[PDB]
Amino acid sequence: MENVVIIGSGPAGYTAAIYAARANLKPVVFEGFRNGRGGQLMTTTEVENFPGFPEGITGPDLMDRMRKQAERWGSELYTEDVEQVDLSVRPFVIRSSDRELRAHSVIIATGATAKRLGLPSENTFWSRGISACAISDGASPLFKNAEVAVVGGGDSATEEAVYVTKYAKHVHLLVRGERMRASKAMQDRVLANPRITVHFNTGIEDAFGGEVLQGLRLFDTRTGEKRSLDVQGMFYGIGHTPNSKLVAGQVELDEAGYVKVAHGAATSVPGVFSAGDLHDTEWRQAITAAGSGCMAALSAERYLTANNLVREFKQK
């Protein structure tokens, strides 16, 4: 029976595993299989803001590093999707289709996946013209001094559009509806910025290009009339999905579905800790998610010690 079970193999889950493993807890990590082992960063090619890599590092390369680090210090890694978590009994029950474990503490780090549009060619230009994170990719050479589209109509999209005027020559805010939904302040910010053109009643049919994004096929959401927009970048600003389905109804969540935490990583259920984007509505970065994994691991270790629950394992 397990000291700790960690659900997730993004930056937060592996950092939690590293700390838990070095604290001799022999953590079990359910990394995800269909949910994507290694997390959201597996779908990006350039990480420039993760401190310690001044030449950049690809997303897969950083997560391959993290995974080995978790294993080196004693982590038990399962490339498996968890299907069920029962927090109404102690020890807790964690079930993947392949196995059922009991654990004194659980760390849930399942992320908050950024909504995508699902355009026919999206996979082609993903990370080569299309991104979901302006803070991360906006500084990229691909968009330097170039024309970029920002998709959405809420506070997220208006915020991203303002942010990418830091690097782009001109920014096209594509709003599917008749009017924007953001606050009056946000819309005012946007309409007072001469580098943003707002297109209303505009939907996206596809992206086109060669090796990198070169434009968009649009349509008017009123007439269906088609129109092409030349752009070399496109940012999605259509929100986020916190992946809390496994603990919905069992731990406190906010209205959008994020896990509520205090003291860094404590959920409303003692023994359950959250790490990463799953509870973070402010930052949504790899470095902060890693920091959150450490907090969650250090919290679990203290929790276990405070209740004399630690099962003893040592280094190999």
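Sequential numbering from 1, following the sequence displayed.
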Report task. Look up the CA B-factors in the entry and say which stretch, 8 to 16 or 300 to 308, has the higher mean. Result -> 300 to 308
Query raised in the report: Taking only the CA atoms, which stretch has the higher mean B-factor in the record, 251 to 259 or 28 to 36?
Result: 251 to 259
Report task. Can you pull the Cα B-factors for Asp220, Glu71, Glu80, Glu83 from the entry and say which is highest? Result -> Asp220
Requested in this report: Could you say whether, by C-alpha temperature factor, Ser156 belongs to the lowest, middle or highest third of its chain?
Outcome: highest
Requested in this report: Quick one: classify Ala134 as lowest, middle or highest third of the chain based on its Cα B-factor.
Outcome: highest
Query raised in the report: How does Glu76 rank on Cα B-factor within its chain, lowest, middle or highest third?
Result: lowest
Report task. Looking at the entry's B-factor column for C-alpha atoms only, identify whether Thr165 ranks in the lowest, middle or highest third of its chain. Result -> middle
Query raised in the report: Should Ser105 be placed in the lowest, middle or highest third of its chain by the C-alpha B factor in the entry?
Result: middle
